């Protein structure tokens, strides 16, 4: 998911909409924008679909005000495509809205405590609604009005002591302003920027990625530190405060592999440069372990891997060729009467340039392997196009464990690498050869850009969850959620 918040000195509706169109790759299932108007009331529009489809002229006219936040959703366990999207809202205390990218590992316990100690009802199964209600509950411990920046930071700190997981959040409190805060491990991405309108007026904004600041002409300031919170009043006054104990930087390594945009700088690291480095590492590993193989050309599987594969071909002294063309426009399959509903294809998303595989031993490069379904079909397409030997290299290491910090992954059972060695995975997908990036190499590829990061969040790769609260029981719990989300989406 992706979030954006803008505390401006002029209408923000178009700007939030614009920031969301460049963060669209973070989620295309739903979008939402909520602003505070001249009357200190929230105006909201959120619905399923791409940003460009969710917000029509009439909704834009309603989104009045100089402060607002937005969200684009990537369906996850608990937040199915059929469920209410973000931002979520509460009317007490004061009126609070919040958008979130992440996941709370203790959501269920929090929901119990909210119900039993505060009588606060959670209407969805989204941990973002629960996150909003914990914060609201903490803000409700104040008598004096209005709240000082100290009370808002105190509430966020109290919140950080209750919730556990990963989270990049942005919220607005009526009559106060905008807050943004990050988990104590710095797992989910969040940057801060500003835009000077004149000598006395400066607008602020926070976004999941720096590209949202670039597209609007905002100057990059810095990443919001782990555990840090940012508060911008109504009036445009900026406050920042460390709101967690023992904060450390463990950025999600997955964002760098393919999730984030290449033009973003996350925690001082260029995603693009980190990706070129991955190709450098993978190229060196291939040149070492596959010295005797006959490889005629390196062909990336679009689109993230094109640069990675380019670097590999350079290292290997082999030609790089566009063997696969990604279909920019993909349509749906219709359930028609009498007609046989045939095949779920990768051919809908990808086309093979026939001339580029014919009688060649091809090294295909992909960003990662999850279910293994697509790679299987892609290798098949290479053979149909006349390829002799088909090898596959993965920019990311084996993905064996589920992500519980915000990135959507299927259950451990549906992960081809889970419980399997490289050769078996290779035989299943039917490749002549399979090679994965070493985790320590991925780490160095990214770390080389910012050596200050000591450790990243690498759970999908090594099964080590930094929050130390993940076990099979919890993962099974998450699966039951997916089962309920399925029944709901199936229904629609």
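Residue numbers count along the first chain shown, from 1. We call the rigid core the largest set of C-alpha positions that still match within 1.5 Å between the two forms.
* When the other structures are laid on this one by the rigid core, do the CA atoms of 271 to 279 or of 402 to 410 sit farther away in 7 other deposited structures of this protein? -> More C-alpha displacement in 7 other deposited structures of this protein shows up in 402 to 410.
* State which stretch is farther from the displayed form on average in 7 other deposited structures of this protein, 246 to 254 or 82 to 90, counting RMS CA distance after fitting on the rigid core. => When 246 to 254 and 82 to 90 are compared in 7 other deposited structures of this protein, 82 to 90 lies farther out.
* On average, which has the higher Cα B-factor in the deposited entry, 169 to 177 or 413 to 421? -> Going by the record's values, the stretch with the higher mean is 413 to 421.
* To do: Select between 455 to 463 and 63 to 71 the stretch whose C-alpha atoms have the higher average B-factor in the entry.
  => Between 63 to 71 and 455 to 463, it is 455 to 463 that shows the higher mean C-alpha B-factor.
* Asked: Say you rank 228, 198, 223, 219 by Cα B-factor from the PDB entry; which sits at the top?
  -> The listed residue with the largest C-alpha B-factor is 198.
* To do: Pick out which of 28, 35, 450, 52 has the highest C-alpha B-factor in the PDB entry.
  => Largest recorded C-alpha B-factor: 450.
* Asked: Sorting the chain's CA B-factors, does residue 250 end up in the lowest, middle or highest third?
  -> According to the entry, residue 250 has a C-alpha B-factor in the chain's lowest third.
* Compare the C-alpha B factor of residue 57 with those of the other modelled residues in its chain, then answer lowest, middle or highest third. => Within its chain, residue 57 is a highest-third residue by C-alpha B-factor, going by the deposited values.
* Relative to the other modelled residues of the same chain, rank the CA B-factor of residue 94 and answer lowest, middle or highest third. => Middle third, going by the recorded CA B-factors of the chain.
* Quick one: classify residue 428 as lowest, middle or highest third of the chain based on its Cα B-factor. => For residue 428, whose C-alpha B-factor we compare with every modelled residue in the chain, the answer is the highest third.
* Third of chain Cα B-factors occupied by residue 265 -> It falls in the bottom third of the chain.
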